[PDB]
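Down below is the structure, laid out as structure tokens.
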Amino acid sequence: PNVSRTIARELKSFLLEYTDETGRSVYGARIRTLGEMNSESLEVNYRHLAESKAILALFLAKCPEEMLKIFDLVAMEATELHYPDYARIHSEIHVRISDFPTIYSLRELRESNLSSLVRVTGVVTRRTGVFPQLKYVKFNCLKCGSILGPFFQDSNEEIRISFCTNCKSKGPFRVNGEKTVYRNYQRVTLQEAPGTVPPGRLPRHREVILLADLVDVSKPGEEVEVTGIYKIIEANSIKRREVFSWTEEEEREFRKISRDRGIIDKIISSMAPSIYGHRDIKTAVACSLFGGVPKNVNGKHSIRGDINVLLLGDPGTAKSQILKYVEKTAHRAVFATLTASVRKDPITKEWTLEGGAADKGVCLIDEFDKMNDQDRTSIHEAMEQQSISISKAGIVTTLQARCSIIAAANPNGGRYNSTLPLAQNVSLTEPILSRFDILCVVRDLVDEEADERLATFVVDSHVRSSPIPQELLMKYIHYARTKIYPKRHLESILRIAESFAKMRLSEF
Amino acid sequence: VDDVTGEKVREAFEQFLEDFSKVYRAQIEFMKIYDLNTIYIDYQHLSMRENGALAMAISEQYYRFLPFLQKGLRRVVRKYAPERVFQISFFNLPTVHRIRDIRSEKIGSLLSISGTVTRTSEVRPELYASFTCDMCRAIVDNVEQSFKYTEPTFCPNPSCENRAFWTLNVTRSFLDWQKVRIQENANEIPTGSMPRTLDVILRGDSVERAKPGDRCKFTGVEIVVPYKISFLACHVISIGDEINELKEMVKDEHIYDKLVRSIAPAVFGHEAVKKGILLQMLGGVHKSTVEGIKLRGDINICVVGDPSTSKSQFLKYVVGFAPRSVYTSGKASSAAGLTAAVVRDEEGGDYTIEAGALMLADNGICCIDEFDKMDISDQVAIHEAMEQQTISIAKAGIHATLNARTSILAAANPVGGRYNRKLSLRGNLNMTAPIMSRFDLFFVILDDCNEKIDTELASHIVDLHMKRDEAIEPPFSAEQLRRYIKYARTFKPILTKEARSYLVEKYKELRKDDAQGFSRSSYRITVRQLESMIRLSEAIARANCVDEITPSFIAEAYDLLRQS
Amino acid sequence: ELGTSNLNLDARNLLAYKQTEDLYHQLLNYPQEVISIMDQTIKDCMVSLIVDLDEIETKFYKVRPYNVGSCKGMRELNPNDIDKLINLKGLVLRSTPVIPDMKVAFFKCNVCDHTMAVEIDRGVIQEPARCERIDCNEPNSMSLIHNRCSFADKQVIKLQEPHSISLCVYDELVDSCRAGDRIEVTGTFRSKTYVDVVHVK
């Protein structure tokens with residue numbers, strides 16, 4: 001249409017007039033930074049042109065595929081009159097549409113959101129990169145000396161053609177390498193985050209396409225915000241910076257609850273509603289989930305702000321129910337049973353490297369003594385320092401591993417064997433035990449007291465078909481862990497004291 | 001002849017949908033907010049108009065009347081309400097047809113097919129698609145979808161050298177499509193015949209509602225595939241003097257004593273094994289919580305002892321009597337062989353997941369013979385299936401988890417075969433502690449030379465070897481026992497306070513035997529044995545059909561735990 | 001009265017009868033013509049017994065002859081025995097899925113709203129290049145739709161007679177014969193060679 005010609009000259013006049021702060025045109029600085037550093041990514045906020053012209057925002061929300069045919073052309077024209085001979089090195093320059101107001105979820109992706117712009121949150125997995133998958137398929141025939149016509153490759157499923165231009169044969173058709181063109185590929189499977197999924201439901205997952213240089217800038221196992229078009233999502237912009245959150249009406253009552261009558265013990269009694277228990281497991285559990293603060297001196301000497309606890313005792317007691325309760329309770333809690341290696345993939349014998357994992361979350365390990373060499377060394381590296389390196393399949397990336405570790409184990413033989421130390425009891429050695437600051441251990445109770453309480457509570461749980469409530473407690477965890485910062489055994493007790501000060505919500 | 005009949009049947013269907021305010025108008029008013037358009041119309045509610053004659057005429061020409069029905073539905077939602085896909089589903093047919101009664105006289109008609117799902121495929125985007133020509137910029141939007149999807153017969157500009165061929169596009173058009181495998185049920189297979197299976201296609205939002213390994217009932221249209229006779233379903237559901245005998249059998253007092261000797265009439269002796277097998281069949285409450293998590297309310301039974309015994313006979317009885325019973329040999333299994341096997345790129349298509357022995361026959365007895373010759377992978381898969389009630393399968397990019405509730409009948413043997421008394425159960429069973437756990441009851445059988453019961457056993461063996469003797473005659477048949485099992489299954493009893501007050505003292509009395517033990521003791525006692533006797537209490541409450549349990553019936557379960 | 005249109009006929013009774021010795025020696029060489037004329041004569045003698053006519057005027061009845069003597073399987077089946085009745089005793093091993101066969105052909109046009117129905121003539125479909133000349137002229141505008149076509153059941157069954165013969169059953173006899181039974185079968189030997197079953201036992 002010729003209507004794009006009156007659209008083009010409108011935004012060509014817009015880029016030379018946007019002066020929002022102190023009369024300065026920021027687009028000239030943006031075009032000189034993309035021209036001097038040879039970049040192809042141009043940044044445009046949605047609010048700027050939306051305040052300028054809402055019809056362009058309506059056209060971008062309705063038909064972004066035809067709206068993107070004007071943007072790249074006017075950006076290359078602005079770069080060509082601002083910089084001479086820029087077309088010799090870079091032929092096309094794309095744009096990055098950011099600041100989308102209506103952030104959607106993965107469960108709200110419906111048929112009405114087709115062929116439109118959408119900003120969705122998620123977690124990235126399955127990293128396969130820099131592969132030129134087919135976009136125009138041709139076929140060599142062996143029964144005749146001809147070729148098949150051009151067929152557009154449907155990106156979700158392969159196409160089988162039996163008819164050829166000369167006859168009707170039974171012979172197979174092969175891919176012609178002299179005519180087939182391949183477009184780039186960034187096949188990433190994105191998933192919904194577990195910290196905002198409703199209870200009872202399962203998190204969905206989609207496939208995202210990444211093209212024209214934004215490959216390997218994303219970190220697997222982290223929260224991400226992607227703005228793209230919906231058709232399979234074709235991402236335009238990625239953001240590695242980022243429904244159950246704190247409000248203004250709930251934040252005043254949290255300080256009012258934290259000020260009166262010693263809430264540390266109430267949080268401890270609110271930790272285990274299913275059983276009576278004892279405070280030694282839940283005190284370590286609450287101080288590990290609430291955590292401490294990470295501090296550095298002049299950019300170096302990074303201390304670990306997480307607390308890794310280790311549970312031990314006979315297998316008849318409860319050790320998995322506490323982590324099963326904290327998997328639902330705490331935010332970004334991952335229950336595993338975190339390594340980066342080259343692994344086989346069954347579809348067409350594919351080869352890729354799977355990176356490790358919850359960067360701010362808590363990972364829960366059950367049956368710690370029953371593992372191999374790779375998952376022991378990876379957790380020892382993540383317990384020693386806070387990063388996991390990937391050095392395979394053509395990629396080298398050192399990712400952040402600042403996660404808390406809650407591990408549960410069993411001794412060799414069932415019995416704890418109290419007339420021997422823990423180093424002779426467990427099969428583990430001392431430097432893997434030194435990363436765990438708190439080592440909680442239970443024992444067997446023969447007496448009338450435990451028999452009077454445990455059996456009565458478990459029969460009260462079966463005969464039926466004061467503390468802080470669960471919702472306020474899980475909202476208080478996210479409210480205290482994201483706003484305040486109150487200023488090896490010595491490092492551990494300072495972390496436990498600052499974690500108790502974090503739970504007490506004090507200034508120091 | 002149906003070109004003028006289609007508008008009349010469209011007018012009749014829209015008159016049926018317009019004159020009834022049936023619950024259809026409020027159903028459209030409810031889906032107005034969500035815009036899914038995957039409606040459900042009952043065939044029993046449609047069978048009253050035109051004395052059923054409107055239903056009989058639609059019932060044979062369903063594929064020839066389907067766009068007229070969707071056009072009438074589109075016109076009534078266009079007039080009663082202001083990106084448009086539609087799915088009309090029919091359900092609740094009065095006749096249930098098998099897979100062996102499908103003929104070619106019902107091609108194109110609607111049909112109700114019941115059976116069991118064997119395999120499931122991945123979801124795929126179906127076409128339903130602008131076509132560009134390589135000579136000019138012409139475009140078309142009227143697309144065909146079943147067959148001949150590449151050649152449209154018209155262009156907007158007829159001046160061309162070749163009006164036949166075009167080129168497809170992937171940009172301007174596309175939803176979920178699935179192909180599953182249905183098979184003949186085990187109770188309606190002919191004598192000597194094979195359980196013939198068939199592939200059924202499914203579209204709309206009827207996909208991912210069918211769980212693999214369950215009895216299912218579909219309603220759809222018989223469509224031929226180049227030929228083969230496939231099926232298209234639109235509705236999915238998870239299906240699956242008598243009271244004078246039942247009320248007479250619940251009023252007496254000696255029912256349980258005939259029940260423990262009538263659950264296995266071919267086996268001489270072993271009343272404890274028969275007690276655990278009879279109490280294994282029916283469980284207790286699994287949702288006994290206030291937090292929101294389901295618990296293990298099932299009974300796990302494991303039999304051990306010396307070889308050449310009659311312990312496999314129970315194994316051959318359960319599977320010949322219980323309808324919800326899957327038997328495996330153990331050695332002819334794996335991790336994927338027991339739960340979910342996968343095909344690997346066969347017949348041109350992608351991977352397909354076939355259902356194994358696990359997750360089949362829910363709330364029934366899965367019986368595994370030779371439990372100790374299995375590998376480590378299937379035993380940790382059994383432990384992962386027993387730690388949590390759901391099971392997760394992560395393969396080819398897709399992740400799928402499902403509910404499972406089965407009771408394990410594990411037949412094991414020692415490392416040397418002969419059971420020696422001088423050591424514990426752990427070193428003789430030869431399996432690790434977490435897979436040795438979550439087992440409610442262990443049955444150890446030892447044999448020796450005791451002539452008085454041995455001569456009776458050998459006489460029973462030689463008296464059984466004849467044409468249908470009364471030597472294995474039970475006091476009552478299985479005819480009332482099946483409905484008694486079902487009547488006790490839908491009972492749901494509730495424990496009492498006096499039983500709990502006696503139970504805490506009984507747990508203290510059972511744990512007092514651990515003190516100065518290593519004589520009349522072979523294993524540890526913790527919360528798991530307490531949970532086993534708690535689960536056996538509601539099972540004996542259901543077997544005696546009492547709503548409120550007394551501790552005297554839990555005393556027999558305490559004696560059963562003391563006998564093991 | 002019960003609606004069973006099938007008639008089981010014993011050929012041995014036609015053999016011992018005083019008047020029909022010329023009929024038993026005529027149906028062993030030409031079964032396709034005598035079955036087609038027996039379908040008319042059985043309807044004629046049934047309406048002679050009648051003289052219920054609202055349904056038997058359009059109903060069809062057939063004849064299944066099985067009482068014939070034994071033979072030496074497929075080894076004695078020489079080329080002078082083509083299109084003759086034959087009997088095989090053995091066991092079936094494999095039952096294929098049901099394949100459809102066209103009985104009438106549908107022909108939908110792209111223009112002028114005229115559809116054409118035609119019938120099969122023992123294997124060939126007469127495709128009309130013409131387009132019903134009372135209506136408008138078109139040289140090649142014609143299509144074929146498979147979903148509106150009428151089909152009949154067909155099935156190839158493996159039989160162990162040792163030789164493996166591929167027999168083929170048709171409509172109203174499908175899913176009656178399957179692997180596992182000692183089956184006596186009889187029909188017409190055709191020509192790769194096969195046997196078109198007239199009866200199973």
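Residues in the structure tokens are named by chain (A, B, ... in the order shown) and by number from 1 within that chain; ligands are numbered from 1 in the order shown.
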| task | Up to 9 Å from chain C, what residues of chain B turn up? Count only C-alpha atoms and give them as a PyMOL selection string. | result | chain B and resi 63-64+100-101+103-105+107-108+153+192-194+223-224+227-229
Within 8 Å of chain B, which residues of chain A show up? Give each one with its shortest atom-to-atom distance in Å (one decimal) and the two atoms involved, counting only C-alpha atoms, rows by chain then rising residue number, as a tab-separated table.
residue	atom	partner	partner_atom	distance
A:111	CA	B:83	CA	6.4
A:112	CA	B:83	CA	5.7
A:150	CA	B:167	CA	7.4
A:151	CA	B:167	CA	6.3
A:152	CA	B:169	CA	6.0
A:153	CA	B:170	CA	7.2
A:154	CA	B:170	CA	5.2
A:155	CA	B:170	CA	7.4
A:156	CA	B:125	CA	6.9
A:157	CA	B:125	CA	7.7
A:231	CA	B:171	CA	7.9
A:273	CA	B:291	CA	7.9
A:274	CA	B:291	CA	7.5
A:316	CA	B:526	CA	5.3
A:317	CA	B:527	CA	7.0
A:345	CA	B:396	CA	7.5
A:346	CA	B:396	CA	6.7
A:347	CA	B:396	CA	6.9
A:446	CA	B:511	CA	7.7
A:448	CA	B:508	CA	7.8
A:451	CA	B:508	CA	6.5
A:452	CA	B:504	CA	7.1
A:455	CA	B:504	CA	6.0
A:456	CA	B:504	CA	6.7
A:459	CA	B:500	CA	6.5
A:461	CA	B:289	CA	6.3
A:462	CA	B:288	CA	5.7
A:463	CA	B:495	CA	5.3
A:464	CA	B:288	CA	6.6
A:465	CA	B:288	CA	5.1
Convert the current residue selection to file output with N, CA and C atoms, as a tab-separated table (two decimals), in the first residue's frame.
chain	number	residue	atom	x	y	z
A	111	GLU	N	-6.01	-17.54	20.84
A	111	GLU	CA	-6.16	-17.34	19.40
A	111	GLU	C	-6.32	-15.87	19.03
A	112	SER	N	-6.77	-15.03	19.97
A	112	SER	CA	-6.94	-13.61	19.71
A	112	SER	C	-5.62	-12.85	19.72
A	150	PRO	N	9.87	-24.61	-5.81
A	150	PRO	CA	10.12	-24.02	-4.49
A	150	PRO	C	8.93	-24.18	-3.56
A	151	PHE	N	9.20	-24.68	-2.37
A	151	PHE	CA	8.20	-24.90	-1.35
A	151	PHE	C	8.62	-24.16	-0.10
A	152	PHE	N	7.70	-23.40	0.47
A	152	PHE	CA	8.03	-22.68	1.69
A	152	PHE	C	7.91	-23.65	2.85
A	153	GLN	N	8.96	-23.73	3.65
A	153	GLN	CA	9.01	-24.63	4.79
A	153	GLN	C	8.15	-24.11	5.93
A	154	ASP	N	7.20	-24.95	6.36
A	154	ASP	CA	6.35	-24.61	7.48
A	154	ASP	C	7.28	-24.91	8.65
A	155	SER	N	7.47	-23.91	9.50
A	155	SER	CA	8.42	-24.03	10.59
A	155	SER	C	8.10	-24.98	11.75
A	156	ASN	N	6.89	-25.53	11.82
A	156	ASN	CA	6.61	-26.44	12.93
A	156	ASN	C	6.57	-27.91	12.50
A	157	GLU	N	6.44	-28.18	11.20
A	157	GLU	CA	6.37	-29.55	10.71
A	157	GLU	C	6.92	-29.66	9.29
A	231	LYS	N	2.82	-16.08	16.51
A	231	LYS	CA	2.35	-16.78	15.33
A	231	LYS	C	2.47	-18.29	15.54
A	273	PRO	N	3.26	-27.23	60.12
A	273	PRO	CA	1.89	-27.43	60.61
A	273	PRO	C	1.45	-28.89	60.63
A	274	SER	N	2.10	-29.73	59.83
A	274	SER	CA	1.72	-31.14	59.75
A	274	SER	C	2.14	-31.94	60.97
A	316	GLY	N	13.28	-43.36	59.07
A	316	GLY	CA	11.88	-43.43	59.44
A	316	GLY	C	11.28	-42.08	59.78
A	317	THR	N	12.12	-41.09	60.08
A	317	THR	CA	11.64	-39.76	60.40
A	317	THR	C	11.33	-38.96	59.14
A	345	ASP	N	20.43	-36.00	22.21
A	345	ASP	CA	19.03	-35.69	22.08
A	345	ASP	C	18.46	-36.66	21.06
A	346	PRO	N	17.33	-37.33	21.39
A	346	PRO	CA	16.75	-38.36	20.51
A	346	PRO	C	16.23	-37.96	19.14
A	347	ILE	N	15.75	-36.73	18.95
A	347	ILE	CA	15.26	-36.37	17.63
A	347	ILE	C	16.43	-36.03	16.71
A	446	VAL	N	12.91	-43.32	72.54
A	446	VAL	CA	12.23	-44.50	73.05
A	446	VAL	C	11.10	-44.12	74.01
A	448	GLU	N	8.17	-42.20	76.63
A	448	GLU	CA	6.74	-41.92	76.73
A	448	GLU	C	6.33	-40.58	76.12
A	451	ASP	N	6.15	-40.70	72.17
A	451	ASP	CA	5.07	-41.64	71.89
A	451	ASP	C	3.73	-40.98	72.18
A	452	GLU	N	3.71	-40.07	73.16
A	452	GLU	CA	2.49	-39.37	73.51
A	452	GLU	C	2.20	-38.27	72.49
A	455	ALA	N	2.41	-40.06	67.67
A	455	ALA	CA	1.34	-40.97	67.29
A	455	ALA	C	-0.02	-40.30	67.39
A	456	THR	N	-0.20	-39.43	68.40
A	456	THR	CA	-1.45	-38.70	68.57
A	456	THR	C	-1.65	-37.66	67.48
A	459	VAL	N	-2.41	-39.55	64.26
A	459	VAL	CA	-3.70	-40.22	64.25
A	459	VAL	C	-4.77	-39.13	64.23
A	461	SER	N	-4.33	-36.55	62.34
A	461	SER	CA	-4.32	-36.27	60.91
A	461	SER	C	-5.12	-37.30	60.11
A	462	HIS	N	-5.31	-38.50	60.65
A	462	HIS	CA	-6.05	-39.54	59.96
A	462	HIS	C	-7.48	-39.69	60.47
A	463	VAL	N	-7.78	-39.19	61.67
A	463	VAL	CA	-9.13	-39.31	62.21
A	463	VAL	C	-9.97	-38.15	61.68
A	464	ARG	N	-9.32	-37.11	61.13
A	464	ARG	CA	-10.03	-35.97	60.57
A	464	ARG	C	-9.96	-36.15	59.06
A	465	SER	N	-10.97	-36.87	58.54
A	465	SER	CA	-11.19	-37.25	57.14
A	465	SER	C	-10.01	-38.02	56.55
| query | Where does DSSP see strand (DSSP E) in stretch 106-145 of chain C, if you list the residues as a VMD selection string? | reply | chain C and resid 106 to 107 116 to 119
Mind dumping the selected residues with C-alpha atoms as a PDB file, in the first residue's frame?
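Result went into again.pdb, see below:
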ATOM      1  CA  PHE C 106     -19.061 -39.441  -7.029  1.00  0.00           C
ATOM      2  CA  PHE C 107     -18.189 -36.617  -9.400  1.00  0.00           C
ATOM      3  CA  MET C 116     -22.751 -36.889 -11.217  1.00  0.00           C
ATOM      4  CA  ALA C 117     -23.188 -40.391  -9.823  1.00  0.00           C
ATOM      5  CA  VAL C 118     -21.929 -43.358 -11.834  1.00  0.00           C
ATOM      6  CA  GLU C 119     -21.402 -47.044 -11.036  1.00  0.00           C
TER       7      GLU C 119
END
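Once residue B:425 and its same-chain neighbours fewer than 6 positions away are set aside, residues 304, 305, 412, 413, 414, 415, 419, 431, 432, 433, 436, 442, 443, 444, 521, 522, 523, 524 and 564 of chain B remain within 12 Å of it when counting only C-alpha atoms.
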Output file for the selection above: N, CA and C atoms, as a PDB file, in the first residue's frame:
ATOM      1  N   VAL B 304       7.698 -63.285  50.417  1.00  0.00           N
ATOM      2  CA  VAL B 304       9.032 -63.871  50.350  1.00  0.00           C
ATOM      3  C   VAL B 304       9.052 -65.272  50.946  1.00  0.00           C
ATOM      4  N   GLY B 305      10.043 -66.042  50.554  1.00  0.00           N
ATOM      5  CA  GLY B 305      10.177 -67.386  51.071  1.00  0.00           C
ATOM      6  C   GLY B 305      10.983 -68.266  50.150  1.00  0.00           C
ATOM      7  N   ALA B 412       9.075 -61.809  45.851  1.00  0.00           N
ATOM      8  CA  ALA B 412      10.529 -61.837  45.861  1.00  0.00           C
ATOM      9  C   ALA B 412      11.024 -63.171  46.393  1.00  0.00           C
ATOM     10  N   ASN B 413      12.312 -63.413  46.167  1.00  0.00           N
ATOM     11  CA  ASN B 413      13.041 -64.604  46.545  1.00  0.00           C
ATOM     12  C   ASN B 413      14.391 -64.191  47.119  1.00  0.00           C
ATOM     13  N   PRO B 414      15.024 -65.013  47.972  1.00  0.00           N
ATOM     14  CA  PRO B 414      16.334 -64.625  48.518  1.00  0.00           C
ATOM     15  C   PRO B 414      17.471 -64.774  47.517  1.00  0.00           C
ATOM     16  N   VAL B 415      18.674 -64.443  47.993  1.00  0.00           N
ATOM     17  CA  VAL B 415      19.870 -64.507  47.156  1.00  0.00           C
ATOM     18  C   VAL B 415      20.281 -65.979  47.002  1.00  0.00           C
ATOM     19  N   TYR B 419      15.503 -69.658  52.898  1.00  0.00           N
ATOM     20  CA  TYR B 419      15.438 -68.628  53.926  1.00  0.00           C
ATOM     21  C   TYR B 419      16.055 -69.104  55.229  1.00  0.00           C
ATOM     22  N   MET B 431      18.224 -55.755  48.809  1.00  0.00           N
ATOM     23  CA  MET B 431      17.747 -54.553  48.144  1.00  0.00           C
ATOM     24  C   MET B 431      17.934 -53.439  49.153  1.00  0.00           C
ATOM     25  N   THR B 432      18.134 -52.218  48.656  1.00  0.00           N
ATOM     26  CA  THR B 432      18.395 -51.070  49.513  1.00  0.00           C
ATOM     27  C   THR B 432      17.197 -50.627  50.349  1.00  0.00           C
ATOM     28  N   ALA B 433      17.504 -49.882  51.411  1.00  0.00           N
ATOM     29  CA  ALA B 433      16.509 -49.377  52.361  1.00  0.00           C
ATOM     30  C   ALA B 433      15.377 -48.465  51.846  1.00  0.00           C
ATOM     31  N   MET B 436      12.993 -50.703  50.141  1.00  0.00           N
ATOM     32  CA  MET B 436      12.528 -51.714  51.083  1.00  0.00           C
ATOM     33  C   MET B 436      11.425 -51.063  51.895  1.00  0.00           C
ATOM     34  N   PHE B 442       4.922 -57.601  54.979  1.00  0.00           N
ATOM     35  CA  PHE B 442       5.846 -58.619  54.506  1.00  0.00           C
ATOM     36  C   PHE B 442       5.359 -59.996  54.928  1.00  0.00           C
ATOM     37  N   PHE B 443       5.348 -60.943  53.998  1.00  0.00           N
ATOM     38  CA  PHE B 443       4.937 -62.310  54.295  1.00  0.00           C
ATOM     39  C   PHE B 443       6.045 -63.317  54.054  1.00  0.00           C
ATOM     40  N   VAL B 444       6.628 -63.824  55.136  1.00  0.00           N
ATOM     41  CA  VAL B 444       7.710 -64.796  55.072  1.00  0.00           C
ATOM     42  C   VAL B 444       7.165 -66.207  55.229  1.00  0.00           C
ATOM     43  N   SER B 521      12.310 -60.220  66.997  1.00  0.00           N
ATOM     44  CA  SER B 521      12.448 -58.914  66.360  1.00  0.00           C
ATOM     45  C   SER B 521      13.442 -59.004  65.213  1.00  0.00           C
ATOM     46  N   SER B 522      13.080 -58.429  64.063  1.00  0.00           N
ATOM     47  CA  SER B 522      13.986 -58.469  62.924  1.00  0.00           C
ATOM     48  C   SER B 522      14.109 -57.153  62.166  1.00  0.00           C
ATOM     49  N   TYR B 523      13.298 -56.147  62.487  1.00  0.00           N
ATOM     50  CA  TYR B 523      13.375 -54.872  61.783  1.00  0.00           C
ATOM     51  C   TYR B 523      13.021 -53.697  62.685  1.00  0.00           C
ATOM     52  N   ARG B 524      13.281 -52.496  62.180  1.00  0.00           N
ATOM     53  CA  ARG B 524      13.036 -51.274  62.934  1.00  0.00           C
ATOM     54  C   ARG B 524      11.582 -50.815  62.873  1.00  0.00           C
ATOM     55  N   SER B 564       3.862 -61.061  61.698  1.00  0.00           N
ATOM     56  CA  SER B 564       4.863 -60.911  60.652  1.00  0.00           C
ATOM     57  C   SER B 564       6.267 -60.656  61.174  1.00  0.00           C
TER      58      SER B 564
END
| message | Give me the residues near residue B:214 as a list in words, where near means some atom within 10 Å (using only C-alpha atoms) and where sequence neighbours in that chain fewer than 2 positions away do not count. | response | residues 115, 116, 117, 118, 210, 211, 212, 216, 217, 238, 239, 240, 355, 359, 360, 361 and 362 of chain B
Any chance you could export the current selection's N, CA, C and O atoms as a short mmCIF file (atom, residue, chain, number, x, y, z; two decimals), in the first residue's frame?
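The new file result-v6.cif reads:
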data_model
loop_
_atom_site.label_atom_id
_atom_site.label_comp_id
_atom_site.auth_asym_id
_atom_site.auth_seq_id
_atom_site.Cartn_x
_atom_site.Cartn_y
_atom_site.Cartn_z
N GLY B 115 -12.90 -48.02 24.93
CA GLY B 115 -11.75 -48.91 24.97
C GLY B 115 -10.68 -48.36 25.88
O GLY B 115 -10.96 -47.60 26.80
N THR B 116 -9.44 -48.76 25.61
CA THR B 116 -8.30 -48.30 26.38
C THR B 116 -7.22 -47.69 25.49
O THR B 116 -6.97 -48.17 24.38
N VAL B 117 -6.62 -46.60 25.95
CA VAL B 117 -5.60 -45.92 25.17
C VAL B 117 -4.24 -46.60 25.38
O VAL B 117 -3.80 -46.81 26.51
N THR B 118 -3.61 -46.99 24.28
CA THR B 118 -2.32 -47.66 24.32
C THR B 118 -1.17 -46.68 24.18
O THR B 118 -0.22 -46.71 24.96
N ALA B 210 -7.12 -36.51 27.44
CA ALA B 210 -7.04 -37.96 27.50
C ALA B 210 -5.70 -38.35 28.10
O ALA B 210 -4.64 -38.05 27.54
N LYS B 211 -5.75 -39.01 29.25
CA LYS B 211 -4.56 -39.43 29.95
C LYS B 211 -4.19 -40.80 29.40
O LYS B 211 -5.09 -41.59 29.09
N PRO B 212 -2.89 -41.10 29.26
CA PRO B 212 -2.51 -42.41 28.73
C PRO B 212 -2.66 -43.51 29.77
O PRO B 212 -2.26 -43.38 30.93
N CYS B 216 -11.29 -45.10 28.08
CA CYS B 216 -11.87 -43.92 27.48
C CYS B 216 -13.04 -44.19 26.55
O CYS B 216 -13.15 -45.28 25.97
N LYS B 217 -13.90 -43.19 26.43
CA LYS B 217 -15.08 -43.24 25.59
C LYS B 217 -15.10 -42.02 24.69
O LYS B 217 -15.16 -40.88 25.16
N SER B 238 -13.21 -39.60 31.07
CA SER B 238 -12.45 -40.62 31.79
C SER B 238 -13.40 -41.59 32.49
O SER B 238 -13.61 -41.50 33.70
N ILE B 239 -13.97 -42.50 31.71
CA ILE B 239 -14.90 -43.47 32.27
C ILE B 239 -14.09 -44.58 32.96
O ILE B 239 -12.91 -44.78 32.65
N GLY B 240 -14.70 -45.26 33.92
CA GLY B 240 -14.05 -46.33 34.65
C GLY B 240 -13.00 -45.87 35.64
O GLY B 240 -11.83 -45.75 35.29
N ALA B 355 1.87 -46.75 26.60
CA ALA B 355 1.70 -46.96 28.03
C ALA B 355 2.14 -48.36 28.46
O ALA B 355 1.70 -49.36 27.89
N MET B 359 0.69 -47.25 35.74
CA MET B 359 -0.36 -46.22 35.59
C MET B 359 -1.61 -46.83 34.95
O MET B 359 -2.58 -46.11 34.69
N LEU B 360 -1.62 -48.13 34.70
CA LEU B 360 -2.75 -48.86 34.16
C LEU B 360 -3.37 -49.46 35.40
O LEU B 360 -2.65 -49.72 36.37
N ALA B 361 -4.69 -49.67 35.34
CA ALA B 361 -5.55 -50.23 36.39
C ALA B 361 -5.44 -49.46 37.70
O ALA B 361 -4.92 -50.01 38.68
N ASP B 362 -5.88 -48.20 37.70
CA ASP B 362 -5.83 -47.32 38.87
C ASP B 362 -6.78 -47.85 39.93
O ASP B 362 -7.86 -48.36 39.60
#
| query | Quick one, how far is atom CA of residue A:490 from atom CA of residue A:358? | reply |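 Straight-line distance from atom CA of residue A:490 to atom CA of residue A:358 works out to 27.0 Å.
For residue A:413, the list of residues within 12 Å, based on only C-alpha atoms and with local chain neighbours fewer than 4 positions off taken out, reads residues 313, 314, 315, 417, 424, 425, 426 and 427 of chain A; 426, 427, 432, 433, 434 and 524 of chain B.
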| task | Mind checking which residues fall within 8 Å of stretch 156-162 of chain C, counting only C-alpha atoms, ignoring those fewer than 6 positions away in the same chain, and posting them as a list in words? | result |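 The filter keeps residues 73, 88, 89, 90, 91, 92, 93, 94, 95, 96, 168 and 169 of chain C.
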| said: So that I can check the surroundings of residue C:122, please list as JSON, numbers by chain every protein, DNA and RNA residue that reaches within 12 Å of it, counting only C-alpha atoms and ignoring chain neighbours fewer than 3 positions away. | reply: {"C": [101, 102, 103, 104, 119, 125, 126]}
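Closest approach to residue B:490 among B:547, B:470, B:370, B:513: B:547, based on only C-alpha atoms.
Reported to one decimal place, the separation of atom CA of residue B:562 from atom CA of residue B:279 is 16.4 Å.
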